[PDB]
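Quick notes on the structure that follows.
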Amino acid sequence: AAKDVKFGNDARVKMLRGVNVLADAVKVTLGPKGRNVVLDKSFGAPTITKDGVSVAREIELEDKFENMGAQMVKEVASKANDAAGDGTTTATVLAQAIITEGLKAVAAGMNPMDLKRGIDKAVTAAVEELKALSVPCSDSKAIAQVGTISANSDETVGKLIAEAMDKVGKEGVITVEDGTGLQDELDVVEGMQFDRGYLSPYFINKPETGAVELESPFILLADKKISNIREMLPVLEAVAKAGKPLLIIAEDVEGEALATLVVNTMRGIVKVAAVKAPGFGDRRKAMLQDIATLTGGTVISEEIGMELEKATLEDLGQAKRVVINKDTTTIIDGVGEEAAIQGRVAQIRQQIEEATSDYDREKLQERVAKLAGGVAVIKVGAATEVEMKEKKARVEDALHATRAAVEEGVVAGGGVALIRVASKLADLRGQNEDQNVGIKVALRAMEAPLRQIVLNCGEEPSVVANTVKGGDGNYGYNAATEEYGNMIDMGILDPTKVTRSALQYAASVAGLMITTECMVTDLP
Amino acid sequence: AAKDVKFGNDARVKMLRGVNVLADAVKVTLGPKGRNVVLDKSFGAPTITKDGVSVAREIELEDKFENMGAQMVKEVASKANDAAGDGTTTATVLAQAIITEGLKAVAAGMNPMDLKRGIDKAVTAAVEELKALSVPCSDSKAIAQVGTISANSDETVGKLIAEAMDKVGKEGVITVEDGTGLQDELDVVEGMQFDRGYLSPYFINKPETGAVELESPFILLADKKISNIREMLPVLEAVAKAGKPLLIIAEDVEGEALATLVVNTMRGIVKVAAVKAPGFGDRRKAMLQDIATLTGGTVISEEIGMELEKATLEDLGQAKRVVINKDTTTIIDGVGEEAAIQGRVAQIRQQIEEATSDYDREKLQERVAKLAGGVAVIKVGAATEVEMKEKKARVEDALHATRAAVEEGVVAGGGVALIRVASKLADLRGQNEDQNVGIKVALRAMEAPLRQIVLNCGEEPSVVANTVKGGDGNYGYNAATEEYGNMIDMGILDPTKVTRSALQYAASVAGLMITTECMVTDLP
Amino acid sequence: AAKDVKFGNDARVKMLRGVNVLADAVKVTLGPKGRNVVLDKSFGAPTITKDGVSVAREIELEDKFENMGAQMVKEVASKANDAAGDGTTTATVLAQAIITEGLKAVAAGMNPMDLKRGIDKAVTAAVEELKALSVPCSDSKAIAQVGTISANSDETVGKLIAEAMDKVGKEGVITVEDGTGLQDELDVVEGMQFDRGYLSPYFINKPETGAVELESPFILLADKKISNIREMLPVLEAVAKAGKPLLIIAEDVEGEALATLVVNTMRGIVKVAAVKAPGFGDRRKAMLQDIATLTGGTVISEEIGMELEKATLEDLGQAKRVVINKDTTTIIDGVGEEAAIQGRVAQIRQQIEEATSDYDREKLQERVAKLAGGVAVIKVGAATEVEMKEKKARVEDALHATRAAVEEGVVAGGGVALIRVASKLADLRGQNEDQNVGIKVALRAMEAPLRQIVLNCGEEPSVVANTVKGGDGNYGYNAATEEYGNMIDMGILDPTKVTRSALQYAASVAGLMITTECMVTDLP
């Protein structure tokens, strides 16, 4: 197909226009006093959302080059949300600011590579300062405070999160489910979670959160790289007869016969999900057999000689439910027998005892921790179904925030940590002058989120930013109450992880966008 | 279909416009400080690549004549990459420079044929000077140094390459495969490689490197020029029942019944690959029987009278995996019995002993070398999967570079060898004046890569080029550190083969495209 | 369909424009220093050819009337190549020159018919002078010299051609085939050739040389004018079961049921070729029975009463391979029994002895010569496959050139013979003045090829043409070495047949297009 190419300033201005459109669409929702964005929907009435992620999802421009730039910014910014649970809008605003000022600098004859180097150095120093500024959150009281703050001052949610974390540990797996009444329930149950996402985005189930849910599915385990629809047709017929959904855990499912069939041909007939087996090499087989023992099923391995053609319903594993999302798969409640699981755990512990390398020690300790840790399930109860669903959503959000906080501490929210580190880094320098200009544009663009938040509130951004920069510590300006004080003490805070991820991803976008010279796209 | 014809300067300027577009798209990535090129993908987010080969692949213009010129430049430049493993960007830049200046000279009324002759003479002299300047790389230490330099200063990769080369020899076949853990493995296994590529580009498997991979495929051997889908339908049905992929080694597979169906009808149902039998005449049958003995299968020959209609699964050969690419087919691990292979090797050695012509001696010695050499497999290990894949890619690239270096030595990289030979050839002359102008137009264009590299770094190309020309030996300018010194001692080097191939192919394009007088293309 | 008509000068100028476009496309490749022509190909990269025949094939203009002119010139010029093996470009250039000057003369009010008569008279006198100037080539040494000169100074090709001609005779049939190794082979084998081409151009096999090749095909012989697919369906089914290709030699295959199906329905299922039986009347039946005896098959005759419905596989003849092209069919190696062939030859010789008319004597002598002559097969051997293909192509070209030379002698090449006869015919006159003008335009246009050749070399055509005209004998100008001398002694020569054919066909085109008054074409 005929291609359109642009070199230099025309490509730069097209990419800048696309980024400007996307950032203007997204950033109006930033801050506690954010505005509303109306997204047209073909199925009926328009939807009104204050969430930046939905607006970013819906944005795609007509012009090919501007659309390309917006797509790059969106796709990198979504990584921050995926990794840390928040920070899409902050990442987008930071990217827009850095890109705008850096392209203005490039238009002045400044070297793009040196600008990229300076920006990267400034961002690294800022990340170090953020890690210095982080306030640890490890005790139960701090965990409860973070949870209740992230859940709109609901002490019950924080108490539930603290109880679950105490019951399983700061590194344990915690999930949430629909409750059965008014009282909330918490119980540790056997389960497993490994870092493997869905193979195709078309597998997404009813939830719009980028995850899938299967109720009492069937677990299929096979180390063979299944490639043709022929070899498991009896298994598919059996699971269709049973009526329950099916989960496929194989070494890899390529898109020649399996993925295409289960994506296109399956659009409601049955429920099937396929994920890659965790690890590689002997570790992959060890994980597969561990999952088979946990779920009570058996693994179909070509090495010993059994064939998936004869895989009956008995060989398949089963579980109460499984949740798969972008980069995580969890088995909440397996049906496997407990004594077999305990015996396998004891066997792997014995292997740890006779292990002869620190790497093997670490891997086997991780395996036994995964096996014996279990999964905690939180049953959110409420008076009515609607309030029940709303409380469940709040609990999920608070759980994500609390996990991030216990991972990497917590800093002042509202875009104040970035301005703090920007004020602290006023004495940074590079090798040449271009690197100094890059450091300065990074520093002057790290103040964008606070200025935008203040602008949404109707105040003047410059005075507030200057006053905040004049302070020290965690001193900042609260947008909601329009007053100054110590953010941590007045109930506004963000995890360090989300801020650091947003900053790093925005820096990456800015570098890749500044150092772009040629652009290739299909002819309109 | 109605045709559009152009004669002379209009055709030439269309040619120049197309070549200029392609070269401007490609050359911005040249050098260690190369920029980024954003290629649109309809599948989702745009891709950002610094690789010139991908940019060259994606380029195709709207206007028919400019598109044609770009296509010829691309298709010849890709030959350098195929033959030597690197040098697409260098070949494209050299072609653009020579072609631009030569067409400017032709517009002044100079004879195109004399210009082509002068360019060819200058290129021949430059190739001779390059061969004179090459530093040999034969010892194990030099091999390890080249490998580790080509692998971004990873001493482990160089050590692995040196170990494999010592185990098999500088002319042996070395491959790479997925590892099983942390430790790296190397083992010589029975196998064979012959210079035959895939018949159709549509056979390309999952890898994008222009190669295919078949896991435990079935080897089919038949000297008959198979032509109709009727005669091997039982074999295809048997291989479908088995589920393993199939490899077809026939005398020739024409595109009326076999190739058409295995390309169109097969698009995921099975996995089949067809390649031409190596050699011709009696040598072709000898190769087929040698492969049959190595793989444990049997060759289907019409001369003895057996028919491929009755070819059962037993007659088919088998191997662990086979890799086929543009111009090479290898059988990594055959299942054939070892004593039969040794007996065949002894028989061919006896034939060597009783051979009566030097040509037969050479051919039979090549046969026994292929049979008894074996194939070395390198198992790349790493802690986790992503870095394992990255290390595998680095190892493959370093293997290609090291093979080229041991083939034809090594010279200073960074476009400095070309400027060295250009400075050394300042006293070349031709018969007429136009030949002299062609010699000068080649000499002034062999400096283009270094000037482009310096320009990408933000310095001024003219001063750096003049300073480099003022030096002698391997003295040059390092773009990464922005300092002068000996390239070989400073860790920057390129094989002589890649530079020579790039120069020769650029010269071929320049001559063919300068001596072009008429155009024929389909009407828009 | 609505028609567009033009009368007189508008039609003449449209036709002249078409001829000019075609000639400008073709003639730039004339001479040893010919330029390059780039032909667009939709399957991928453009092809670069210096061959005028391919360029002539690819040319077809958008405008209907210019397309008429180009098509007539192409279709008549191709006859020269078909008959003599070379001279398409020369014929096209001569046609363009004569047509241009003749139409200019017609625009001055001269009678077109008188111009045509004068041109024809001049061409006849020139042909007579060429026959006078021809140097005979009959001895073995001359044959070898012509062969090696036509094969780019490869003495081996000339030696092979001379050996084959000595073994079979100057009027014998000689073919070429792929070799089996390094040594070249020559052996006379039983065979047959008759002047009958393929019925439909869609029968063309893999070769692009306008020929077809069938490996071990089945020969079908039937004097009945086969017309329906019903009567020979069992034979087609049997040949499909056997898998070998099939050759049909019938009295005539019309295009209602047989030709339509074997062209459209057959596009890869099987391989079938149909040619007309040679001769007519009783001679046709004699030819059919002779071919049946030679191939070991039997002829299906309605007169004796057996039907082609019951024609089994035994009745069909067989041969090693058969080659069919525009106007020649050959059976290289039949499977017929030799004693039967010898007995048939003896019987026909006895018929010669008892023949009572000179016409019958001649026909029967031709029959016995065809039967007992045999076919010589040349096995071209080489070190590698690519070089073996290239050598095979060179051998085929040298064979064609040598056959033409032994047919009608040889004259000086490079367009020198035409200018020689033009200089010799300076004193030709016609009846009226318009006939004299026609003679003059023919004479002034027979110098065009040499002027074009010199122009391609960058010299000035006028001075070289005048200097050559000043000489006598075979003295001429060598374009390659840019020096004068004897062409025959300097290694440049063309057969008289190709020059005479090119001249006559160009004259035919010029007359037919000068005497054109109205043109009818479909409305755009």
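Ordering of the structure tokens sets the chain letters (A, B, ...), residue numbers begin anew at 1 in every chain, and ligands are numbered from 1 in the order given.
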
Please identify every residue of chain A that has at least one atom no farther than 9 Å from an atom of chain B, counting only C-alpha atoms, and for each give the shortest atom pair and the distance in Å to one decimal, arranged by chain then increasing number, as a tab-separated table.
```
residue	atom	partner	partner_atom	distance
A:1	CA	B:60	CA	7.4
A:2	CA	B:62	CA	4.9
A:3	CA	B:61	CA	5.6
A:4	CA	B:61	CA	7.4
A:5	CA	B:25	CA	7.7
A:6	CA	B:25	CA	8.6
A:7	CA	B:25	CA	7.8
A:64	CA	B:40	CA	8.7
A:65	CA	B:40	CA	8.8
A:68	CA	B:46	CA	6.3
A:69	CA	B:46	CA	8.3
A:71	CA	B:45	CA	5.5
A:72	CA	B:45	CA	6.0
A:74	CA	B:45	CA	8.6
A:75	CA	B:45	CA	6.6
A:111	CA	B:458	CA	6.4
A:112	CA	B:458	CA	8.8
A:113	CA	B:33	CA	7.4
A:227	CA	B:268	CA	8.7
A:228	CA	B:269	CA	6.8
A:229	CA	B:269	CA	8.5
A:230	CA	B:243	CA	8.8
A:231	CA	B:243	CA	8.2
A:254	CA	B:206	CA	8.8
A:255	CA	B:268	CA	8.6
A:256	CA	B:268	CA	4.8
A:257	CA	B:268	CA	5.7
A:279	CA	B:385	CA	7.0
A:280	CA	B:385	CA	6.6
A:281	CA	B:180	CA	4.2
A:282	CA	B:180	CA	6.4
A:283	CA	B:181	CA	7.9
A:359	CA	B:383	CA	8.8
A:512	CA	B:36	CA	7.1
A:513	CA	B:36	CA	8.4
A:515	CA	B:35	CA	5.5
A:516	CA	B:36	CA	4.6
A:517	CA	B:36	CA	6.1
A:518	CA	B:37	CA	5.1
A:519	CA	B:38	CA	4.9
A:520	CA	B:39	CA	4.9
A:521	CA	B:40	CA	4.9
A:522	CA	B:40	CA	7.2
A:523	CA	B:62	CA	8.2
```

If you run DSSP on the backbone, which residues of range 21-260 of chain C are helix (DSSP H, G or I), as number ranges by chain?
C: 21-27, 52-58, 64-84, 88-106, 112-133, 140-150, 155-168, 201-203, 233-242, 258-260

Residue neighbourhood residue 408 in chain C, 8 Å, only C-alpha atoms, exclusion window fewer than 5 positions, as a PDB file with N, CA, C and O atoms, in the first residue's frame:
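part37.pdb was written with the following content:
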```pdb
ATOM      1  N   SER C 134      27.233 -11.935 -49.935  1.00  0.00           N
ATOM      2  CA  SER C 134      27.332 -12.939 -48.887  1.00  0.00           C
ATOM      3  C   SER C 134      28.584 -13.789 -49.052  1.00  0.00           C
ATOM      4  O   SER C 134      28.941 -14.193 -50.161  1.00  0.00           O
ATOM      5  N   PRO C 136      30.178 -17.349 -48.295  1.00  0.00           N
ATOM      6  CA  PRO C 136      29.662 -18.679 -47.958  1.00  0.00           C
ATOM      7  C   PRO C 136      30.293 -19.226 -46.689  1.00  0.00           C
ATOM      8  O   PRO C 136      31.453 -18.953 -46.373  1.00  0.00           O
ATOM      9  N   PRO C 495      24.430 -13.323 -40.035  1.00  0.00           N
ATOM     10  CA  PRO C 495      23.985 -14.123 -41.179  1.00  0.00           C
ATOM     11  C   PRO C 495      23.225 -13.264 -42.175  1.00  0.00           C
ATOM     12  O   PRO C 495      22.555 -12.298 -41.810  1.00  0.00           O
ATOM     13  N   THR C 496      23.347 -13.619 -43.454  1.00  0.00           N
ATOM     14  CA  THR C 496      22.618 -12.886 -44.482  1.00  0.00           C
ATOM     15  C   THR C 496      21.117 -13.034 -44.299  1.00  0.00           C
ATOM     16  O   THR C 496      20.355 -12.113 -44.620  1.00  0.00           O
ATOM     17  N   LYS C 497      20.678 -14.179 -43.775  1.00  0.00           N
ATOM     18  CA  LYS C 497      19.251 -14.442 -43.657  1.00  0.00           C
ATOM     19  C   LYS C 497      18.571 -13.443 -42.734  1.00  0.00           C
ATOM     20  O   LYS C 497      17.490 -12.936 -43.052  1.00  0.00           O
TER      21      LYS C 497
END
```

Contact residues around residue 415 in chain A with only C-alpha atoms at 6 Å, ignoring same-chain residues under 3 positions, as a PyMOL selection string:
chain A and resi 418+449-450

Near-residue 249 in chain A list (6 Å; only C-alpha atoms; drop same-chain fewer than 3 positions) as number ranges by chain:
A: 220-221, 274-277

Take the residues from that selection and put them in a file with C-alpha atoms, as a PDB file, in the first residue's frame.
```
ATOM      1  CA  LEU A 220      -6.244 -27.923  30.941  1.00  0.00           C
ATOM      2  CA  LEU A 221      -2.522 -28.589  31.389  1.00  0.00           C
ATOM      3  CA  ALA A 274      -5.679 -19.693  26.975  1.00  0.00           C
ATOM      4  CA  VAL A 275      -2.538 -18.478  28.747  1.00  0.00           C
ATOM      5  CA  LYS A 276       1.155 -19.258  28.407  1.00  0.00           C
ATOM      6  CA  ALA A 277       2.767 -21.598  30.900  1.00  0.00           C
TER       7      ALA A 277
END
```

Give me, as a PyMOL selection string, all polymer residues having an atom no more than 8 Å from range 92-95 of chain B, counting only C-alpha atoms and skipping those fewer than 2 positions away in the same chain.
chain B and resi 23+26-27+73-74+77+88-90+97-99+445-446+448-449+503+506-507+509-510

List the neighbours of residue 343 in chain C out to 12 Å using only C-alpha atoms; skip same-chain residues closer than 3 positions along the sequence, and give me the result as a PDB file with C-alpha atoms, in the first residue's frame.
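Once written, result_35.pdb looks like this:
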```
ATOM      1  CA  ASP C 290       5.333 -42.903 -39.893  1.00  0.00           C
ATOM      2  CA  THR C 293       5.862 -46.495 -36.220  1.00  0.00           C
ATOM      3  CA  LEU C 294       8.623 -44.234 -34.891  1.00  0.00           C
ATOM      4  CA  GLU C 337      11.276 -50.440 -31.791  1.00  0.00           C
ATOM      5  CA  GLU C 338      14.227 -49.933 -34.128  1.00  0.00           C
ATOM      6  CA  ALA C 339      13.724 -52.907 -36.458  1.00  0.00           C
ATOM      7  CA  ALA C 340      10.196 -51.751 -37.300  1.00  0.00           C
ATOM      8  CA  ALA C 346      13.228 -49.963 -46.433  1.00  0.00           C
ATOM      9  CA  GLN C 347       9.597 -50.143 -47.572  1.00  0.00           C
ATOM     10  CA  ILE C 348       9.468 -46.429 -48.372  1.00  0.00           C
ATOM     11  CA  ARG C 349      12.805 -46.728 -50.187  1.00  0.00           C
ATOM     12  CA  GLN C 350      11.305 -49.532 -52.271  1.00  0.00           C
ATOM     13  CA  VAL C 368      13.036 -41.352 -45.720  1.00  0.00           C
ATOM     14  CA  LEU C 371      12.832 -41.075 -40.736  1.00  0.00           C
ATOM     15  CA  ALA C 372      16.459 -42.218 -40.946  1.00  0.00           C
TER      16      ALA C 372
END
```

Length of the CA of residue 342 in chain C to CA of residue 171 in chain C vector [Å]
20.9 Å

Please return, as number ranges by chain, all residues of range 240-326 of chain C that DSSP assigns to strand (DSSP E or B) on the basis of the backbone.
C: 246-250, 272-276, 299-300, 317-319, 321-325

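Minimum distance to residue 324 in chain C across C:143, C:345, C:211, C:19 (counting only C-alpha atoms) occurs at C:211.
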
In Å, rounded to a single decimal, give me how far CA of residue 157 in chain B is from CA of residue 397 in chain B.
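If I compute the distance from CA of residue 397 in chain B to CA of residue 157 in chain B, I get 10.1 Å.
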
Restricting the calculation to only C-alpha atoms: of B:128, B:501, B:379, B:201, which residue gets closest to residue 183 in chain B?
B:379
